[PDB]
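Visitor: What follows is a structure written as structure tokens; I'll ask about it next.
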Amino acid sequence: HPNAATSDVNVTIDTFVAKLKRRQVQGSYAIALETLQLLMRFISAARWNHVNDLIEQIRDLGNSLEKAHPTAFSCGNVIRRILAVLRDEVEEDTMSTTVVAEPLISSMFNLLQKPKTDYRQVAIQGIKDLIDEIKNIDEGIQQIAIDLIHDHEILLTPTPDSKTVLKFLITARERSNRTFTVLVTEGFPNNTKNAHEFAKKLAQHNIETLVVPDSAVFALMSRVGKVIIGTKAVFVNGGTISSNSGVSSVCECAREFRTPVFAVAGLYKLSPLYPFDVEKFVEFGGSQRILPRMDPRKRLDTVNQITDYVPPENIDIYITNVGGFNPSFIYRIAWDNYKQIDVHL
Amino acid sequence: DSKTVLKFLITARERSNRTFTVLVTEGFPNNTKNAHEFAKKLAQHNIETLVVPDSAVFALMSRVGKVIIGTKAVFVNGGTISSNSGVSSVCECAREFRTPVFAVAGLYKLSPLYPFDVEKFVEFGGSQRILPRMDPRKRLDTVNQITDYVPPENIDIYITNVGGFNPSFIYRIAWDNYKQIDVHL
Amino acid sequence: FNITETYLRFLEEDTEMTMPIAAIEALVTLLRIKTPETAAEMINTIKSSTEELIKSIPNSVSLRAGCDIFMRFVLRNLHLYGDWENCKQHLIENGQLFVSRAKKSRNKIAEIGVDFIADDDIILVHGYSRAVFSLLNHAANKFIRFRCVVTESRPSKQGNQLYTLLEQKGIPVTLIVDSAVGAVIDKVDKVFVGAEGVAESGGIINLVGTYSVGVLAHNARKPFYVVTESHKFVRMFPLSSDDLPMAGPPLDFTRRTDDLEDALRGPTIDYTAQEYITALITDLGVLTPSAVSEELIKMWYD
Amino acid sequence: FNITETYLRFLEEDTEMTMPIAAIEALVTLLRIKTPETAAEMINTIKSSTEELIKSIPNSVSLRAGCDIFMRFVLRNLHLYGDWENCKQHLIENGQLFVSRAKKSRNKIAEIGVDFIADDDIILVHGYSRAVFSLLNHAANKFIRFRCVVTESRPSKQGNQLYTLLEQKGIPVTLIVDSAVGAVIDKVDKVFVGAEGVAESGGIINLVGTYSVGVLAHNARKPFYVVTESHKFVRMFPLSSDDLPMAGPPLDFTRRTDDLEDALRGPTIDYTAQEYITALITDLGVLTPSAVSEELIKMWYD
Amino acid sequence: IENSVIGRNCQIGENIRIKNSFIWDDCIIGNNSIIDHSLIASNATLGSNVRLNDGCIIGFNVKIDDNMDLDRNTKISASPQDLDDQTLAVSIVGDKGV
Amino acid sequence: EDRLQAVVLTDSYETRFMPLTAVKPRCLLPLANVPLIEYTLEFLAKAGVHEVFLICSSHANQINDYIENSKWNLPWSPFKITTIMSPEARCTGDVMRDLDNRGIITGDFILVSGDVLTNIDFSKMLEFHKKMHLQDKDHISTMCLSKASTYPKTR
């Protein structure tokens, strides 16, 4: 399913594709915003009449988007949420049209046993809700953040690439009476400059900064107290896609040492589809960025990867804008945002 | 308690520029008085002392860097029987949280006899200083041991008059002063 | 109205229709005699039937679980509180409907669970479950990239049978013994285990060893799996390292002998914990972490 | 004259003989025929014979070790710088004497070094070794209260044999499945071993499934032990978790060829790491921590 | 196989050695064949027992059929003339063409 | 900065491919398992196109068919493909002459000879060009050159 039905209704699909491919769009937030705008455009223009057909169309669109790009997840998630929002309203409408509804609580056996129209405004409202959810993650976690780390204790911090993580760290640092030391690992071929920037910021912020070469983690692990993953995407079985490079090894080390591993992200980054593999999801960077030369470099096939995956084992807790969820619990949260038929397109 | 360990501590304290923090577990039965004496002695020179309850180790072990023991009996596979009161659980905790262990020892205090069973070598102790009067002792069953054995899975260094040795290696050291013949007679 | 006969009829059949399914069908048929409306006559009779089944059972809980599920379904049924005949009719219908559902479930599995196969990954299927085998077959049909491996299982020669079945396909086959599984740490890529019951959260009943396998996987940090269709949801939790209803005695130090009498005794049944398993495989969308427990909560409200 | 013939000679009896002791004796016998005064016509020939023996091996490991030990002994022998006759005579003598010493060592093991099973500590043993059984029998003799636990051996049905050998004493025993090894760690105390050879690295050269067992022991922190007549240090280094000089293929990947055939080739030899020996029962006094390595160093003067 | 590329709708029988290659649209890699630093173009197909070497350039409809041995840097004509080896059955080792 | 037309020299380097290029046009041949033209088009788009023009020659019917097939053909694209059809066989001077005769020539027009596909972001380059133009009236055309592995060998 490519572009064929779209005429003088929606054109921006191509622009979106372009943004995805050559990277003029940067940061997950921006992508989410773009997606929201696209959805708005869809809503204000497309022809409705029937409801099931509209739903089908939406599904098709989603499928097309998926086909176009995999590494973007926030975009997908937002769409899914909107679909879910639509679904409840649709159900309500159906219930009115038909006219027992609820026994005590939400119950199973629904998959075995047999279970003019307005919705545009509701769809619009859903988009607004999504926007609100997106607005600020840090303004919703920093109250459950200056609660874990304390005096004379030592942090270990990989991935300063996620914008949330840095902010969280800054919030933690704010206090005048409290004092703590921060270790920051690099992650060379994809995250060095960012790491340097983070270090500089820390220095500026009147805190005891420590520069770490990626090798020297082991000779300081005796003093290590906490581990924070700078993730960008979240999944079904609790797992997370990181904001690129140099996390996995550190996580493994922490696990070996049995040293606390916390996860900071957000529930807009939460996806309703399982990471069936890592190969289809995680992409590789540029082999040219490690070593120069070209003509004798046909022999020198060099390997470098951007994104990182962490198993549903090394992760422990996920404090969100709502609160502290867990790896063996996030499924329900996902369901609460994205509904049954909406997952499979 | 011993004058060796005390002397070592004094020597350590003499170079007071080194930042060392003293956490002393009381040791439920007999060790308490000895601990107090040690504390007093420390105070005599001016050394900071912090008193630790025996129940609370799990809430402290994640913070503690290095552990020093002044043991009496040293053994074959790397284990020790120390001068009484709660060591085993502490060691287990250390193993769980990964903590380095030092020991002030002597090769003359080291034994070439191997401890093979927990059922024999662990010495049970008196219930004289636990509960006053003996009428509740009819139905209840008080289980208590004074001196305890340590498994070699935990300690890693034995600082002696010669030097620091590996636990899974101390047998060689022992044999560099003792024999295989003088064991079973 | 007779269940022992039904039990006798089904033991090594399976293949076409799942063992539990047949039992469920039988239960439905039994229900559709004494009327589901008259709850005084019906529920007691159902209980009696369950008791009979238990009596006839040696080393299983799956059938019991199925009947409990059926009971739950029945309970759910009457929540329309209007016309009493339609509900009854629906109840009558849901028996062969359950059987039909199985096909659909299989189809679903053949679409969702076929995404897992990657470049050069060796697959080892544990125990006996039809669904897992079907999945494997569907993977073979897709021709991703794999290797189908069998075991030396010991109930009434199951592993051998499985191996023979695999041979039919043609895919090259090598075997793993119950003891010689220890060498497998990274070479066989992913550890798959078939299920004969799924409990609260991570609790799964199979055959003569799963817990050890799970432990091994944990040690190796290997991906561990539970693979099934849809008919096994139980409200159960054990206390010790292992606790189950048993016909074969645990640690039976056999009496003094010289000419052989009875010896083949030990832990015939095996359970698995929550921590060991990374992925749960069911047709019910894509659920993994602790969805079954939630489902149970939704159902029972007890 | 042949060492092979000598080896063939002993089959049904043995149980009393100890690996290299018989082999060593055979070697000695071979030596004391073709003039043991000279060194050019002798040592080289002995080496050649050993090589031939190695070539001829169906499935036996410790022979090489025995030969090496013999060589070492020979080397030790000629350092007195007196006369060729006396030393030669001594060499000739030292074979029967060595054999005799083995029995003494066994006796020592059975009377002094048997204080590991005394307080009804249930023993987890797999792999048929003679020393183990001697220890068992002499424990029974001393009346030193005990219970036995053995995992079922089914590559060639040695389990039955083991059971029979346990009926002679007259003490209740139980069957254990090697997949349900994770199921039972509850009442059984520690894991003890009867094996084939002692490694240069520290671990143990053993039969069908051992690594898993080791892992389980580690998980349970119930210490792992080895019971052997202590002169089976084979000149072999297991550098990895799955690489060794082996009698057969390492996890033989078989093709789908015929009907129910290429699967019974079970990996009947496996290994576990060096960080497992809490104690090893040796006849030179109870010495373990890094003892084998020390011995090796002493032998190769490095 | 070492560092070689296979194109669209190209069929492989059994037992083939390949080293450092690129292959275009619809080119059958025949039973027992070696492709080294050499290209095979659209509709041109390799049959049984062909031993190619470094830099063998192939054009349109070169039907490489049965038993051939081509040396290094050999160029083969394309369009359905100026260079040796032609479009018809078997490339030149024993003279065939018009 | 904005409104820039694309002119690409196609059907020119035939027979330079020593055996190939006679029946179907030079560019139509499948490159990396899929047609070469597409990559070039993508590159052009990235750079900044407002209308697509190619100077096709060798058997025009096939080119037309390709155009019909293509994605830039129907309304949705910001730029359409309408290839310049001229008399057979001519050099780059002659091609230029033909173009001039045809008429559609702009200020800052883009001319790429043959087919190219690379990574470097073109906006910056364009900006630099503009800056250079703003300096003096006498500024002409832009060259693209990149560094290699120290010594030359396969050149």
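Going by the structure tokens order, chains are called A, B, ..., each with residues numbered from 1, while ligands are numbered from 1 in the order shown.
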Over all Cα atoms paired in order, how far apart are chain C and chain D after a least-squares superposition, as an RMSD in Å?

Guide: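 Rounded to one decimal, the C-alpha RMSD is 2.0 Å.
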
Visitor: Which residues, written as a ChimeraX atom specification, have at least one atom at most 10 Å from region 163-179 of chain A, with only C-alpha atoms counted and residues fewer than 3 positions away on the same chain left out?

Guide: /A:27-29,136-139,141-143,145-154,157-160,182,198,201-202,205-208,228-232,243,263-266

Visitor: Residues of chain F within 9 Å of chain A, counting only C-alpha atoms, what are they? List them as a list in words.

Guide: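 Selected residues: residues 46, 75, 76, 77, 148, 149, 150, 152, 153 and 154 of chain F.
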
Visitor: For region 242-246 of chain C, find every residue with an atom within 9 Å (counting only C-alpha atoms), except residues of its own chain fewer than 3 positions away, and show them as a list in words.

Guide: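 Near neighbours after the sequence-gap exclusion: residues 58, 59, 60, 61, 211, 237, 238, 239, 249, 250, 267, 268, 269, 270, 271 and 272 of chain C; 183 and 184 of chain D.
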
Visitor: Excluding residue 219 (chain A) and residues on its chain fewer than 6 positions from it, collect all residues at most 12 Å away from it, counting only C-alpha atoms, and give them as a ChimeraX atom specification.

Guide: /A:212-213,253

Visitor: Could those residues be written to a file, using C-alpha atoms, as a PDB file, in the first residue's frame?

Guide:
ATOM      1  CA  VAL A 212      35.818   8.330  31.997  1.00  0.00           C
ATOM      2  CA  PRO A 213      37.658   6.586  29.146  1.00  0.00           C
ATOM      3  CA  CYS A 253      28.899  -4.927  34.298  1.00  0.00           C
TER       4      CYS A 253
END

Visitor: Could you pull out all residues of region 5-127 of chain F with a DSSP call of helix (DSSP H, G or I) and give them as a ChimeraX atom specification?

Guide: /F:26-28,36-47,60-69,92-102,122-127

Visitor: Just need the residues of chain E within 8 Å of chain F, counting only C-alpha atoms, so spit them out as a list in words.

Guide: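 In the required form, that comes to residues 7, 8, 24, 25, 58, 59, 60, 75, 76, 77, 78, 79, 80 and 83 of chain E.
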
Visitor: So how many Å separate CA of residue 114 (chain F) and CA of residue 39 (chain F), to one decimal?

Guide: 12.3 Å
